[PDB]
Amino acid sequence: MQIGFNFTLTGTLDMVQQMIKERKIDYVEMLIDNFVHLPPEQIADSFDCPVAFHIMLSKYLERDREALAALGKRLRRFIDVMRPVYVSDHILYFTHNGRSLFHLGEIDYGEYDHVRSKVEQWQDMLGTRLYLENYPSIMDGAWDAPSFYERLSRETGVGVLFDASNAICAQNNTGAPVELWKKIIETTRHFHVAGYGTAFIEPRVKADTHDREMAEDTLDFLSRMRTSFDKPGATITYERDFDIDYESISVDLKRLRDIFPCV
(Lines of atoms letter the chains of each structure in order from A and count residues from 1; the text may use other names and numbers.)
(Lines give C-alpha, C1' and ligand atoms only; values in the text may rest on other atoms or scores of the structure.)
Protein backbone atom coordinates (compact mmCIF):
# COMPACT_ATOMS: atom_id res chain seq x y z
CA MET A 1 0.00 0.00 0.00
CA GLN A 2 1.16 3.47 -0.95
CA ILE A 3 -0.13 6.25 1.31
CA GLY A 4 -1.08 9.59 -0.20
CA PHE A 5 -2.27 12.98 1.02
CA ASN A 6 -4.58 15.37 -0.81
CA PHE A 7 -3.30 18.77 -1.92
CA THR A 8 -6.04 21.40 -2.31
CA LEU A 9 -4.61 24.65 -0.93
CA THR A 10 -1.35 26.26 -2.06
CA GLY A 11 -0.62 27.41 1.50
CA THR A 12 -0.09 23.75 2.48
CA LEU A 13 2.80 23.26 0.02
CA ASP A 14 5.64 23.49 2.56
CA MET A 15 3.89 21.02 4.86
CA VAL A 16 3.24 18.47 2.09
CA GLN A 17 6.88 18.73 0.93
CA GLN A 18 7.90 18.10 4.54
CA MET A 19 5.75 14.96 4.67
CA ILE A 20 7.40 13.77 1.46
CA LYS A 21 10.94 14.29 2.82
CA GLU A 22 10.12 12.53 6.07
CA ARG A 23 8.61 9.61 4.01
CA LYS A 24 5.22 9.99 5.69
CA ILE A 25 3.41 9.83 2.32
CA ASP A 26 4.53 8.26 -0.98
CA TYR A 27 2.44 10.27 -3.46
CA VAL A 28 0.35 13.44 -3.58
CA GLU A 29 -3.24 13.60 -4.83
CA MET A 30 -3.96 16.93 -6.55
CA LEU A 31 -7.42 18.45 -6.48
CA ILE A 32 -6.24 19.24 -9.95
CA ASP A 33 -9.03 21.42 -11.30
CA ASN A 34 -8.11 23.97 -8.60
CA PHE A 35 -4.84 24.53 -10.50
CA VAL A 36 -5.67 24.56 -14.23
CA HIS A 37 -4.10 28.01 -14.64
CA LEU A 38 -0.69 27.07 -13.16
CA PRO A 39 2.14 25.99 -15.47
CA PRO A 40 1.82 22.18 -15.26
CA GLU A 41 5.60 21.75 -14.90
CA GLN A 42 5.66 23.95 -11.79
CA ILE A 43 3.34 21.46 -10.06
CA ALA A 44 5.38 18.47 -11.26
CA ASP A 45 8.58 20.07 -9.99
CA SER A 46 7.01 20.89 -6.58
CA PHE A 47 6.45 17.28 -5.47
CA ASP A 48 9.36 14.83 -5.27
CA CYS A 49 7.13 11.77 -5.73
CA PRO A 50 4.35 10.52 -8.04
CA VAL A 51 1.06 12.43 -8.21
CA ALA A 52 -2.57 11.52 -8.84
CA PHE A 53 -5.54 13.61 -9.95
CA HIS A 54 -8.89 14.22 -8.21
CA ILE A 55 -11.44 16.37 -10.09
CA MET A 56 -14.05 18.13 -7.92
CA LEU A 57 -15.96 20.69 -10.00
CA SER A 58 -16.04 19.37 -13.57
CA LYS A 59 -19.76 18.82 -12.89
CA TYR A 60 -19.57 16.49 -15.91
CA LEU A 61 -23.13 15.21 -15.24
CA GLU A 62 -24.60 18.66 -15.91
CA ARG A 63 -22.05 21.06 -17.43
CA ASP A 64 -22.62 22.30 -20.98
CA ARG A 65 -20.48 20.51 -23.52
CA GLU A 66 -18.35 23.44 -24.69
CA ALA A 67 -17.14 24.41 -21.22
CA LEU A 68 -16.75 20.73 -20.37
CA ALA A 69 -14.65 20.05 -23.49
CA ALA A 70 -12.36 23.02 -22.76
CA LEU A 71 -11.79 21.75 -19.22
CA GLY A 72 -11.10 18.26 -20.58
CA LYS A 73 -8.55 19.55 -23.10
CA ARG A 74 -6.72 21.50 -20.40
CA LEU A 75 -6.68 18.44 -18.13
CA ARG A 76 -5.42 16.20 -20.95
CA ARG A 77 -2.37 18.47 -21.15
CA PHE A 78 -1.85 18.21 -17.39
CA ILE A 79 -2.08 14.41 -17.75
CA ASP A 80 0.69 14.46 -20.38
CA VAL A 81 3.01 16.63 -18.30
CA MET A 82 2.59 14.90 -14.93
CA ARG A 83 1.58 11.29 -15.77
CA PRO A 84 -0.74 10.84 -12.76
CA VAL A 85 -1.00 7.35 -11.27
CA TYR A 86 -4.78 7.72 -11.68
CA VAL A 87 -7.44 10.24 -12.66
CA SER A 88 -10.63 10.39 -10.55
CA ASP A 89 -13.90 12.32 -10.32
CA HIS A 90 -17.28 12.14 -8.59
CA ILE A 91 -20.94 11.24 -8.99
CA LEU A 92 -22.56 14.33 -7.47
CA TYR A 93 -25.69 16.44 -7.83
CA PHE A 94 -24.67 20.12 -7.86
CA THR A 95 -27.65 22.13 -9.13
CA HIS A 96 -31.39 21.70 -8.66
CA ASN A 97 -33.40 23.64 -11.26
CA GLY A 98 -30.64 26.22 -11.70
CA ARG A 99 -29.94 26.60 -7.97
CA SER A 100 -26.55 25.53 -6.65
CA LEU A 101 -26.52 23.18 -3.66
CA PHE A 102 -23.98 24.13 -0.99
CA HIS A 103 -24.12 20.65 0.59
CA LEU A 104 -23.86 18.43 -2.46
CA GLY A 105 -26.53 15.84 -3.20
CA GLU A 106 -26.44 12.11 -3.74
CA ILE A 107 -27.61 11.28 -7.22
CA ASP A 108 -30.64 9.06 -7.64
CA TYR A 109 -29.22 5.69 -8.70
CA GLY A 110 -32.41 4.98 -10.63
CA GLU A 111 -30.95 7.43 -13.19
CA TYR A 112 -28.41 4.90 -14.49
CA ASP A 113 -28.88 5.67 -18.19
CA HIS A 114 -28.28 9.40 -17.67
CA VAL A 115 -25.17 8.79 -15.56
CA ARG A 116 -23.84 6.13 -17.95
CA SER A 117 -23.92 8.37 -21.00
CA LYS A 118 -22.43 11.35 -19.14
CA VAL A 119 -19.64 9.19 -17.69
CA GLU A 120 -18.71 7.84 -21.13
CA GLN A 121 -18.63 11.36 -22.58
CA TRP A 122 -16.40 12.68 -19.78
CA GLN A 123 -14.08 9.65 -19.70
CA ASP A 124 -13.71 10.03 -23.48
CA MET A 125 -12.73 13.70 -23.13
CA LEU A 126 -10.04 12.86 -20.54
CA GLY A 127 -8.42 10.23 -22.79
CA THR A 128 -7.68 7.82 -19.96
CA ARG A 129 -9.38 5.45 -17.56
CA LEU A 130 -11.51 7.43 -15.09
CA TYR A 131 -12.10 6.39 -11.47
CA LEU A 132 -15.38 7.44 -9.81
CA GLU A 133 -15.78 7.90 -6.05
CA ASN A 134 -18.62 6.67 -3.80
CA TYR A 135 -20.81 9.20 -1.95
CA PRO A 136 -21.02 9.47 1.92
CA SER A 137 -24.73 8.71 1.86
CA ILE A 138 -27.21 10.15 4.36
CA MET A 139 -30.43 8.89 2.71
CA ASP A 140 -31.07 5.30 1.71
CA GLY A 141 -29.39 5.46 -1.69
CA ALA A 142 -26.51 3.85 0.22
CA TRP A 143 -28.26 0.50 -0.34
CA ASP A 144 -28.43 1.00 -4.13
CA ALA A 145 -24.94 2.38 -4.58
CA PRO A 146 -22.71 -0.78 -4.64
CA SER A 147 -24.77 -2.49 -7.36
CA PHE A 148 -24.90 0.83 -9.28
CA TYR A 149 -21.13 1.33 -9.22
CA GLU A 150 -20.44 -2.30 -10.28
CA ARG A 151 -22.81 -2.03 -13.23
CA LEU A 152 -21.35 1.35 -14.22
CA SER A 153 -17.79 0.00 -14.07
CA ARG A 154 -18.74 -3.07 -16.15
CA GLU A 155 -20.47 -1.17 -18.97
CA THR A 156 -18.24 1.95 -19.21
CA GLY A 157 -14.86 0.64 -18.08
CA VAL A 158 -14.45 3.25 -15.32
CA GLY A 159 -12.77 2.28 -12.09
CA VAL A 160 -14.08 2.88 -8.57
CA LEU A 161 -12.12 5.11 -6.19
CA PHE A 162 -13.36 3.53 -2.98
CA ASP A 163 -13.52 6.00 -0.10
CA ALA A 164 -13.63 3.82 3.02
CA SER A 165 -14.79 6.53 5.39
CA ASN A 166 -17.59 7.70 3.06
CA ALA A 167 -18.87 4.12 3.13
CA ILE A 168 -18.62 4.06 6.94
CA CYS A 169 -20.66 7.28 6.92
CA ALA A 170 -23.18 5.51 4.68
CA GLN A 171 -23.28 2.54 7.06
CA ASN A 172 -23.67 4.69 10.20
CA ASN A 173 -26.38 6.78 8.51
CA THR A 174 -28.40 4.13 6.62
CA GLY A 175 -27.42 0.69 7.96
CA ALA A 176 -25.95 -0.35 4.57
CA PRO A 177 -23.01 -2.57 5.57
CA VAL A 178 -19.60 -1.73 4.19
CA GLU A 179 -19.38 -5.43 3.25
CA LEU A 180 -21.67 -4.62 0.30
CA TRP A 181 -18.53 -3.09 -1.25
CA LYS A 182 -16.30 -6.16 -0.81
CA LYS A 183 -16.20 -6.98 -4.55
CA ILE A 184 -15.28 -3.41 -5.45
CA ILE A 185 -12.67 -3.35 -2.66
CA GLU A 186 -11.01 -6.50 -4.00
CA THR A 187 -10.99 -5.01 -7.55
CA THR A 188 -9.79 -1.43 -7.27
CA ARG A 189 -6.24 -0.37 -6.46
CA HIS A 190 -7.14 3.14 -5.36
CA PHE A 191 -8.67 4.22 -2.06
CA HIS A 192 -9.58 7.21 0.11
CA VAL A 193 -9.97 7.59 3.84
CA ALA A 194 -10.53 10.57 6.16
CA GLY A 195 -12.13 11.65 9.40
CA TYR A 196 -15.81 12.45 9.55
CA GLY A 197 -17.91 14.69 11.80
CA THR A 198 -21.56 14.74 12.80
CA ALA A 199 -24.62 16.83 12.05
CA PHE A 200 -24.72 19.68 14.55
CA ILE A 201 -28.24 18.81 15.79
CA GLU A 202 -27.97 14.98 15.63
CA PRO A 203 -24.73 13.20 16.60
CA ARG A 204 -26.01 9.91 15.11
CA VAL A 205 -25.87 11.34 11.54
CA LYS A 206 -22.34 11.43 10.09
CA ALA A 207 -21.02 14.30 7.91
CA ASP A 208 -18.08 13.84 5.50
CA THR A 209 -16.00 16.77 6.72
CA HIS A 210 -12.33 15.61 6.40
CA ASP A 211 -11.49 17.75 9.40
CA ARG A 212 -10.64 15.25 12.06
CA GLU A 213 -8.78 12.10 13.03
CA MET A 214 -10.07 8.83 11.58
CA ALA A 215 -12.79 7.18 13.69
CA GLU A 216 -12.42 3.78 15.35
CA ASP A 217 -14.99 2.00 13.16
CA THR A 218 -13.19 3.33 10.03
CA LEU A 219 -9.91 1.97 11.43
CA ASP A 220 -11.44 -1.43 12.28
CA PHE A 221 -12.89 -1.55 8.75
CA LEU A 222 -9.45 -1.02 7.16
CA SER A 223 -7.78 -3.40 9.62
CA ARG A 224 -10.40 -6.17 9.47
CA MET A 225 -10.15 -6.28 5.65
CA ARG A 226 -6.51 -5.24 5.14
CA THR A 227 -5.93 -8.16 2.74
CA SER A 228 -8.89 -7.11 0.59
CA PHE A 229 -7.69 -3.49 0.46
CA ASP A 230 -4.00 -4.27 -0.04
CA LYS A 231 -2.89 -5.38 -3.53
CA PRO A 232 -0.07 -4.87 -5.98
CA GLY A 233 -0.16 -1.16 -6.79
CA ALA A 234 -2.74 -0.34 -4.07
CA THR A 235 -2.86 3.28 -2.87
CA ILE A 236 -4.85 5.06 -0.15
CA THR A 237 -5.13 8.84 0.04
CA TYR A 238 -5.65 10.36 3.47
CA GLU A 239 -7.89 13.43 3.13
CA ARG A 240 -7.63 16.45 5.41
CA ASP A 241 -9.42 19.54 4.15
CA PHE A 242 -9.89 21.48 7.41
CA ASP A 243 -7.92 21.78 10.63
CA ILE A 244 -4.97 21.00 8.40
CA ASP A 245 -2.63 20.49 11.36
CA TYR A 246 0.71 18.79 10.76
CA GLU A 247 0.75 16.74 13.97
CA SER A 248 -2.82 15.41 13.84
CA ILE A 249 -2.25 14.40 10.19
CA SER A 250 0.93 12.56 11.17
CA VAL A 251 -1.02 10.54 13.76
CA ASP A 252 -3.45 9.40 11.08
CA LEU A 253 -0.70 8.81 8.52
CA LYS A 254 1.22 6.61 10.97
CA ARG A 255 -1.93 4.65 11.88
CA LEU A 256 -2.36 3.86 8.18
CA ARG A 257 1.24 2.67 8.02
CA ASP A 258 0.62 0.57 11.14
CA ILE A 259 -2.27 -1.11 9.30
CA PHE A 260 -0.44 -1.45 5.92
CA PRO A 261 3.30 -2.02 6.52
CA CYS A 262 5.89 -1.52 3.79
CA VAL A 263 6.96 -5.19 3.49
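Heads up: residue numbers just count along the shown sequence, starting at 1.
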Residue range whose averaged C-alpha B-factor is higher in the record, 127-135 or 109-117: 109-117
53-61 or 224-232, whichever carries the higher mean Cα B-factor: 224-232
Third of chain Cα B-factors occupied by residue 73: middle
Third of the chain's Cα B-factor distribution that residue 29 belongs to, per the entry: lowest
For residue 98, the third of its chain into which the C-alpha B factor falls: highest
Ranked C-alpha temperature factor of residue 237 among modelled chain residues, by third: lowest
Chain third (lowest, middle, highest) by recorded CA B-factor, residue given as residue 151: middle
